[PDB]
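A.B. asks: Here come the first chain(s), positioned as in the complex:
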Amino acid sequence: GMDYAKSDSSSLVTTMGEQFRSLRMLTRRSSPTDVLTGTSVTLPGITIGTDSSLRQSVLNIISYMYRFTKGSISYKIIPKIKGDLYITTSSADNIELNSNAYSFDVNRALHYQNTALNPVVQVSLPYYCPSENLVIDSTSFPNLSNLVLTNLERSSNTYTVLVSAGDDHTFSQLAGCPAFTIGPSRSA
Amino acid sequence: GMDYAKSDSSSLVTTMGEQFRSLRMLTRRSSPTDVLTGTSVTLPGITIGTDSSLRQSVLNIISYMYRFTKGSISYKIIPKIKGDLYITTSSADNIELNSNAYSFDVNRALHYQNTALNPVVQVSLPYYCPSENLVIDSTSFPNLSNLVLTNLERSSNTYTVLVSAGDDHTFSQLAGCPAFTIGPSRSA
């Protein structure tokens, strides 16, 4: 080999409060995405990914080095105008145009919450797929479940959302890195 | 037999988060019924069933394959205008027309709650019947107990109600299925 290397000699506890040796721990941590104004709110599905713009979740950034995903994902939601709201799942087939029907009419799993008491909504979305694996941004399964939320009376509102990997979640197959920016934008 | 069948070979844990092998579990789950506007509110009794329209509870849907029921049933209630309210049972004989009497005057089991603190009313209705079994929508027992709820001052209000089978509950005798619709309504 012809190494000059001699192995280190340093204590772990002396300088910083923790140490981590995996990327999963960084992903379990929850981070902000983008503000969702209006009635027809659209949270990302478990297929996740493919955001434009430049602001983006940490999970969404780690997402580009891999190819497969599997497992449930978590959401925190903070409504701007306080008051109760409801959470429900749906699918493209599951929708109706009777114009007297509404989102409760399918009997999916439901979640109620008055935000005046508990401002921070916390919802975990499970993993219902036929296949053991999912290529990221797969379109091979059109009817995968997708989240929806409604106040009754169908009034407009904004939400501060922040996603995280579920404890069940993982990535697999290591593709190489995307080009990426690092510093603050130069000039104006 | 002349079977080509060869028995399966597949793991359970690999693809979805749970598995269920009974209809009771689906029925213990609570689902929305219909909005109850006005003062003279009428929740369904333990005889349950026979709703018209098309929106209907999951319990109410499972109801049509059977003939007998037995056991207590549960309710969740969400008032639109917040403020305290009362819950009481009654029966057709039990009612009075003195026009100074009111629902508290019979000394039945009672339940108070201020909704400003606890918005979600939760009440379980027991099983007082002479008979071990009940044919669904039985009319052989006119005086069965029936729920009533009142704000004091007798003001108008709406309620979001959602029923569920009690842990004590079951169905028996398997009649065959009703005709039933499946897809979203075609055309307008």
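C.D. replies: Done, it's in. Residues are numbered from 1 along each chain as shown, chains lettered A, B, ... in the order given.
A.B. asks: tell me the SS of the residue nearest to residue A:109 when sequence neighbours are not counted?
C.D. replies: Spatially, and ignoring its direct neighbours in sequence, residue A:109 is nearest to residue A:89 (6.2 Å; C-beta to C-beta, 6 or more residues apart in numbering or on different chains). All C-beta atoms are positioned from the backbone trio N, CA, C, and that covers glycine. Using DSSP: H, G, I helix; E, B strand; the rest coil, the secondary structure recorded for residue A:89 is strand.
A.B. asks: Please tell me how far residue A:89 sits from residue A:98.
C.D. replies: The gap separating residue A:89 from residue A:98 is 19 Å, by C-beta to C-beta, to the nearest Å.
A.B. asks: The two: who's more crowded?
C.D. replies: residue A:89 (18 against 11; other C-beta atoms under 10 Å in any protein chain shown).
A.B. asks: so that one bridges to which residues?
C.D. replies: residue A:147 (DSSP bridges).
A.B. asks: quick one: it and residue A:107 touch, right?
C.D. replies: No: contact criterion C-beta atoms under 8 Å: residue A:89 and residue A:107 do not qualify, at 10.7 Å.
A.B. asks: Just give the nearest non-adjacent residue to residue A:110, would you?
C.D. replies: residue A:88 (5.6 Å).
A.B. asks: Please save the CA atoms from stretch A:134-147 in PDB.
C.D. replies: This file holds the C-alpha atoms of stretch A:134-147, laid out as PDB (Å, rounded to 0.1, in the frame of the first residue of the first chain):
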ATOM      1  CA  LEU A 134     -41.900   1.200  -5.700                       C
ATOM      2  CA  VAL A 135     -39.800   3.000  -8.200                       C
ATOM      3  CA  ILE A 136     -39.900   6.700  -7.100                       C
ATOM      4  CA  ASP A 137     -42.600   8.700  -8.900                       C
ATOM      5  CA  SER A 138     -44.100   5.500 -10.200                       C
ATOM      6  CA  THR A 139     -47.200   5.900 -12.500                       C
ATOM      7  CA  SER A 140     -47.800   2.200 -12.900                       C
ATOM      8  CA  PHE A 141     -50.400   2.300 -10.200                       C
ATOM      9  CA  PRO A 142     -52.900   5.100 -10.900                       C
ATOM     10  CA  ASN A 143     -55.300   4.300  -8.100                       C
ATOM     11  CA  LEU A 144     -52.900   4.600  -5.100                       C
ATOM     12  CA  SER A 145     -54.500   6.300  -2.100                       C
ATOM     13  CA  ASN A 146     -54.100  10.000  -1.800                       C
ATOM     14  CA  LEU A 147     -54.800  12.300   1.200                       C
END
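A.B. asks: put chain C on too:
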Amino acid sequence: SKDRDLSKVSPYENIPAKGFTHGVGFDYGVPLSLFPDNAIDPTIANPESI
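C.D. replies: Once chain C is put in with the chains from before, the structure reads:
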């Protein structure tokens, strides 16, 4: 006799009904009856054993 309490402050959350869509675990609601725990056995009056 009025000795000092010590203990510990502990965090909580106000969520009135944590899981009713779940198929398992805890009713929460108050029965409208004397005796907190009403019950009956369904298994006895059934037309068949299975």
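A.B. asks: back to the nearest residue to residue A:109, now that we've got chain C?
C.D. replies: Counting by C-beta to C-beta, 6+ apart, the residue nearest residue A:109 is residue C:21, at 4.5 Å.
A.B. asks: So what's the residue count around that neighbour?
C.D. replies: Residue C:21: 18 neighbours (other C-beta under 10 Å).
A.B. asks: try residue A:171
C.D. replies: Residue A:171: 20 neighbours (other C-beta under 10 Å).
A.B. asks: tell me the contacts of the residue nearest to residue A:109?
C.D. replies: Residues in contact with residue C:21 (C-beta atoms under 8 Å, 6 or more residues apart in numbering or on different chains) are A:109-111, B:29-30.
A.B. asks: Tell me which residues are up against stretch C:23-30.
C.D. replies: B:20, B:25-26, B:28-29, B:74-76, B:111, B:122-124, B:166-167, C:17, C:19, C:36.
A.B. asks: filter the residues you listed to the buried ones?
C.D. replies: B:26, B:28-29, B:74-76, B:111, B:122-124, B:166, C:17 (16 or more other C-beta atoms under 10 Å in any protein chain shown).
A.B. asks: in the sheet, who's paired with residue A:172?
C.D. replies: Beta-bridge partners of residue A:172, as defined by DSSP bridges: residue A:68.
A.B. asks: Would you mind listing what in chain A touches chain B?
C.D. replies: Residues of chain A lying near chain B by C-beta under 8 Å from any C-beta of the partner chain: A:72, A:84, A:93, A:95-98, A:101, A:104-105, A:107, A:110, A:112, A:114, A:117, A:126-132, A:152, A:168.
A.B. asks: In strands only, show me the residues you listed.
C.D. replies: A:84, A:110, A:112, A:114 (DSSP state E).
A.B. asks: Identify the residues contacting the most centrally placed residue in chain A.
C.D. replies: Geometric centre of chain A, nearest residue: residue A:163, 3.5 Å, by C-alpha atoms, centre = their mean. With contact taken as C-beta under 8 Å, 6+ apart, residue A:163 is in contact with A:30-31, A:33, A:44, A:57, A:59-60, A:73-76.
A.B. asks: Out of those, which is nearest to chain C?
C.D. replies: residue A:76 (13.0 Å; C-beta to the nearest C-beta).
A.B. asks: residues contacting the closest one?
C.D. replies: Residue A:76 makes contact with A:30, A:120-122, A:161-164 under the criterion C-beta under 8 Å, 6+ apart.
A.B. asks: Now tabulate those residues in JSON lines and tack on distance to residue B:67.
C.D. replies: As requested, the contacts of residue A:76 are exported to JSON lines (distance: C-beta to C-beta, whole Å):
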{"residue": "A:30", "distance to residue B:67": "51"}
{"residue": "A:120", "distance to residue B:67": "47"}
{"residue": "A:121", "distance to residue B:67": "42"}
{"residue": "A:122", "distance to residue B:67": "42"}
{"residue": "A:161", "distance to residue B:67": "48"}
{"residue": "A:162", "distance to residue B:67": "51"}
{"residue": "A:163", "distance to residue B:67": "48"}
{"residue": "A:164", "distance to residue B:67": "48"}
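A.B. asks: Further, place chain D onto the existing structure:
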Amino acid sequence: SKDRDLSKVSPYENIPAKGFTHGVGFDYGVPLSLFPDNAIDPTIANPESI
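C.D. replies: Alright, chain D goes in next:
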């Protein structure tokens, strides 16, 4: 039968989500599913052992 409770008053704090930025310990959120505890094993379908 209605015997007196004794116990002790105990202090608390209303903090809805004590630590989500942490990389460890407790989800808190309610899964939108039958059965409170969904799970699957990631380790099985992996392309490689490490």
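A.B. asks: Please re-evaluate the contacts of residue C:21 in the presence of chain D.
C.D. replies: Residues in contact with residue C:21, defined by C-beta under 8 Å, 6+ apart, are A:109-111, B:29-30, D:32-34.
A.B. asks: now those residues: which count as buried?
C.D. replies: A:109-111, B:29-30, D:32-34.
A.B. asks: How many residues are close by residue A:126?
C.D. replies: Neighbour tally, residue A:126, other C-beta under 10 Å: 25.
A.B. asks: I'd guessed it sits against residue D:32; true?
C.D. replies: Yes: the pair residue A:126 and residue D:32 passes the contact test of C-beta under 8 Å, sitting 6.4 Å apart.
A.B. asks: can you put the contacts of residue C:21 in CSV and add distance to residue D:42?
C.D. replies: Formatted as CSV, the contacts of residue C:21 follow (distance: C-beta to C-beta, whole Å):
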residue, distance to residue D:42
A:109, 23
A:110, 28
A:111, 26
B:29, 28
B:30, 32
D:32, 20
D:33, 18
D:34, 22
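A.B. asks: Return the member of these nearest to residue D:4.
C.D. replies: Taking C-beta to C-beta as the measure, residue D:4 sits nearest to residue B:30 out of the contacts of residue C:21, at 35.3 Å.
A.B. asks: Now the closest one: closest residue in space that isn't a chain neighbour?
C.D. replies: Counting by C-beta to C-beta, 6+ apart, the residue nearest residue B:30 is residue B:164, at 3.7 Å.
A.B. asks: didn't residue A:86 look like it was pressed against residue A:110?
C.D. replies: Yes: here residue A:86 reaches residue A:110: they are 6.7 Å apart, a contact under C-beta under 8 Å.
A.B. asks: For residue A:47, the count of nearby residues, please.
C.D. replies: 18.
A.B. asks: and it, that's in a strand?
C.D. replies: No: going by three-state DSSP, the assignment for residue A:47 is coil, not a strand.
A.B. asks: That one contacts residue A:142, correct?
C.D. replies: No: in this structure residue A:47 lies outside contact range of residue A:142 using C-beta under 8 Å: 10.8 Å.
A.B. asks: intersection of neighbour lists for residue A:86 and residue A:110?
C.D. replies: Residues touching both residue A:86 and residue A:110 by C-beta under 8 Å, 6+ apart: residue A:104.
A.B. asks: what kind of secondary structure is residue 11 in?
C.D. replies: Picked chain A for this. coil.
A.B. asks: should've been chain C
C.D. replies: Quick answer, by three-state DSSP: residue C:11 is strand.
A.B. asks: is it true that it touches residue D:18?
C.D. replies: Yes: at 5.4 Å, residue C:11 counts as touching residue D:18 under the criterion of C-beta under 8 Å.
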